[PDB]
Amino acid sequence: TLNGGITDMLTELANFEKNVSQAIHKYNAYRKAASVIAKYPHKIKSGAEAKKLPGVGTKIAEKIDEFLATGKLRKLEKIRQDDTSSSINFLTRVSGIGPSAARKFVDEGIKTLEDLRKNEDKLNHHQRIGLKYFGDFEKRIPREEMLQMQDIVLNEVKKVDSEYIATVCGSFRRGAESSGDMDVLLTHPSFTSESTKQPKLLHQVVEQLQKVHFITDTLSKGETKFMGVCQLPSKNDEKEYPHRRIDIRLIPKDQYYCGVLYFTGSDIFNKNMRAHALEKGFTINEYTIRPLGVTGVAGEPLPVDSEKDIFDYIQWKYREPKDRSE
DNA sequence: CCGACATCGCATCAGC
DNA sequence: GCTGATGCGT
DNA sequence: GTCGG
Ligand SMILES: O=c1ccn([C@H]2C[C@H](O)[C@@H](COP(=O)(O)NP(=O)(O)OP(=O)(O)O)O2)c(=O)[nH]1
Ligand SMILES: [Cl-]
Ligand SMILES: [Cl-]
Ligand SMILES: [Cl-]
Ligand SMILES: [Cl-]
Ligand SMILES: [Mg+2]
Ligand SMILES: [Mg+2]
Ligand code: NA
Ligand code: NA
């Protein structure tokens with residue numbers, strides 16, 4: 001919050017490049033800059049000072065000076081006035097509508113919430129559900145509620161099969177006092193990198209959660225990744241809780257640490273840590289950490305018996321989940 | 001310069 | 001039906 | 001948009 005104004009500006013620009021410009025690298029660049037400035041323990045006094053930080057170059061340093069001087073940025077002042085950009089930026093806020101679909105809908109004349117509602121038949125299932133819960137998905141989740149949700153998910157999963165292990169990751173695991181959604185990592189002894197001794201492992205869980213009316217909708221569902229909606233139960237006469245987004249990822253039990261590291265995030269942290277691994281000669285995904293050969297081909301998975309092991313391979317001192325929020 | 005920039009599951013599509 | 005690309009969220 | 005070689 002020391003440099004709240006600057007990081008907001010950059011995030012706004014980041015979203016602009018992603019949604020409107022469809023320039024993924026400019027989007028990631030801006031986010032990186034916002035991130036590194038967000039952890040900077042001093043109130044930025046000038047662009048130069050910010051340029052010293054990695055991820056901050058000349059262009060941003062300059063924007064930063066313009067912003068500190070005027071309290072705003074002309075480039076965005078205009079972006080804000082452009083009807084098309086405003087429309088696209090908005091449509092992309094619906095879960096399931098991306099830069100492409102967004103620009104597409106605008107051409108077809110669909111540019112407002114009202115339009116989406118009246119043209120529901122022009123949306124795929126995911127988008128349909130995204131619009132349905134457009135308001136609720138805008139709401140944050142208090143940790144208190146996350147704890148309530150955790151209890152349910154963990155207790156219902158135990159009911160299905162005592163050998164299931166569900167860990168809540170994402171921002172929750174990093175200690176956030178509020179989260180955008182609930183992310184669940186799931187493991188079962190039967191499902192390993194070696195073999196899948198039992199089918200429907202993920203299905204059985206989603207089924208049990210829908211059975212107790214916890215899961216309300218499904219954005220997408222596969223063999224190992226479920227993407228949907230849930231809602232805490234309310235008491236008598238009690239106003240209902242907002243509908244919450246929920247992601248469930250089933251990972252081979254023997255690849256838990258690479259899996260939990262990944263799902264704990266943050267996304268930017270994963271980005272910087274994976275980028276760092278490549279520079280060290282390794283490649284990391286949610287299943288393993290493999291070395292990179294002379295050709296660039298990833299080799300066999302290196303043994304991993306803890307999150308710290310992964311950090312060691314890349315010569316990075318361990319960092320608790322609470323300190324990976326970049 | 002200029003090439004890289006993290007990684008991949010699920011939905012949807014085009015072509016054969 | 002299959003595969004490969006693309007979108008999207010990850 | 002920024003970075004490294
Ligand atoms: O682009 C992505 C998105 C997510 N992730 C990982 C890290 C992230 O913490 C985790 C869960 O994704 P969410 O989008 O749910 N983010 P998170 O839980 O960190 O924060 P929020 O409270 O917004 O959900 O998945 C990536 O690696 N890359
Ligand atoms: Cl780009
Ligand atoms: Cl501004
Ligand atoms: Cl592992
Ligand atoms: Cl792998
Ligand atoms: Mg999350
Ligand atoms: Mg999530
Ligand atoms: Na810099
Ligand atoms: Na969207």
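Protein chains get the first letters and strands the later ones, always in sequence-line order, with residue 1 at the start of each.
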message: Considering every strand and a 4.0 Å limit on heavy-atom distances, what is the contact class for A:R31: base, sugar-phosphate, or nothing?
response: nothing

message: I need the CZ-P distance between A:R274 and C:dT10, as an integer number of Å.
response: 14 Å

Pi stacking test for A:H126 and C:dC8: under 5.5 Å apart, planes under 30°: no

message: Under 4.0 Å, heavy atoms only, any strand: does A:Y27 hit a base, just the sugar-phosphate, or nothing?
response: nothing

- request: Any chance you could lay out the side-chain hydrogen bond (donor to acceptor under 3.5 Å, both in side chains) test for A:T264 and A:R173, step after step, and finish with the verdict?
  value: CA-CA 6 Å; A:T264 296; A:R173 183 154 188 273; 2.7 Å; yes

- request: Pick the P atom in B:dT7 and in D:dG1, then give their distance to the nearest Å.
  value: 24 Å

task: Assign A:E286 to base, sugar-phosphate, or nothing according to its heavy-atom contacts below 4.0 angstrom with the strands shown.
output: sugar-phosphate

message: Under 4.0 Å, counting only non-hydrogen atoms across every strand here, what does A:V94 touch: a base, just sugar-phosphate, or nothing?
response: sugar-phosphate

- prompt: Between atom NZ in A:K32 and atom P in B:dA4, what is the gap in whole Å?
  reply: 16 Å

Distance in angstrom units between A:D181 CG and C:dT10 P, rounded: 7 Å

- prompt: Quick one: A:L261 CG to B:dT7 P, roughly how many Å, whole number?
  reply: 13 Å

message: Which residue is it: A:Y313, A:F282, A:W316? I am looking for the one with a ring pair (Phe, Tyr, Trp, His ring centres under 6.0 Å) to A:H276.
response: A:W316

task: Can you tell me the pairing partner of B:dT7 across any strand shown, Watson-Crick or G-U wobble, with both distances under 3.5 angstrom?
output: none

- request: Quick one: label A:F226 by what it contacts on the DNA or RNA (base, sugar-phosphate, nothing), any heavy atom closer than 4.0 Å.
  value: nothing

query: Does the cation-pi check pass for A:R143 over A:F172, that is, NZ or CZ under 6.0 Å from the six-membered ring centre and within 45° of its axis?
result: yes

field: Residues A:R324 and A:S266: side-chain donor-acceptor under 3.5 angstrom
entry: no

query: Using a cut-off of 4.0 Å on non-hydrogen atoms, how would the nucleic acid contact of A:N28 be classed: base, sugar-phosphate, or nothing?
result: nothing

task: Determine the contact category for A:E279: base if any of its heavy atoms lies under 4.0 Å from a base atom, sugar-phosphate if only primed atoms, P, OP1 or OP2 are that close, otherwise nothing.
output: nothing

message: Within the 4.0 Å heavy-atom criterion, would you say A:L219 contacts the bases, only the backbone, or no part of the nucleic acid?
response: nothing

- prompt: Does any donor atom in the side chain of A:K271 or A:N28 lie under 3.5 Å from an acceptor atom in the other side chain?
  reply: yes

query: Passes side-chain hydrogen bond (donor to acceptor under 3.5 Å, both in side chains), A:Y40 versus A:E49? Steps please.
result: CA-CA 11 Å; A:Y40 187 63; A:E49 185 190 333; 2.9 Å; yes

message: When the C1'-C2'-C3'-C4' sign is the only test used, does the sugar of C:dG1 come out north or south?
response: north

- prompt: Expressed in angstrom and rounded to an integer, what is the separation of A:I289 atom CD1 from B:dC8 atom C1'?
  reply: 17 Å

query: How would you label the contact of A:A101 with the nucleic acid (heavy atoms, under 4.0 Å): base, sugar-phosphate, or nothing?
result: sugar-phosphate

query: How many Å lie between CG on A:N124 and P on B:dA11, as a whole number?
result: 10 Å

task: Determine the contact category for A:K225: base if any of its heavy atoms lies under 4.0 Å from a base atom, sugar-phosphate if only primed atoms, P, OP1 or OP2 are that close, otherwise nothing.
output: base

message: Need one value for A:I60: base, sugar-phosphate or nothing, where a base atom within 4.0 Å counts as base even if backbone is also close, heavy atoms only.
response: sugar-phosphate

field: Major or minor groove - the one reached by side-chain atoms of A:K26 at under 5.0 Å
entry: major

task: May I ask you to say what A:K221 touches in the nucleic acid, namely base, sugar-phosphate or nothing, with a heavy-atom cut-off under 4.0 Å?
output: sugar-phosphate

- request: Assign A:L13 to base, sugar-phosphate, or nothing according to its heavy-atom contacts below 4.0 angstrom with the strands shown.
  value: nothing

field: Stacking of B:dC10 on B:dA11, centroid gap under 5.5 Å, tilt under 30°
entry: yes

- prompt: Just how far, in rounded Å, is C1' of C:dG9 from NZ of A:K271?
  reply: 12 Å

query: Using a cut-off of 4.0 Å on non-hydrogen atoms, how would the nucleic acid contact of A:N272 be classed: base, sugar-phosphate, or nothing?
result: nothing

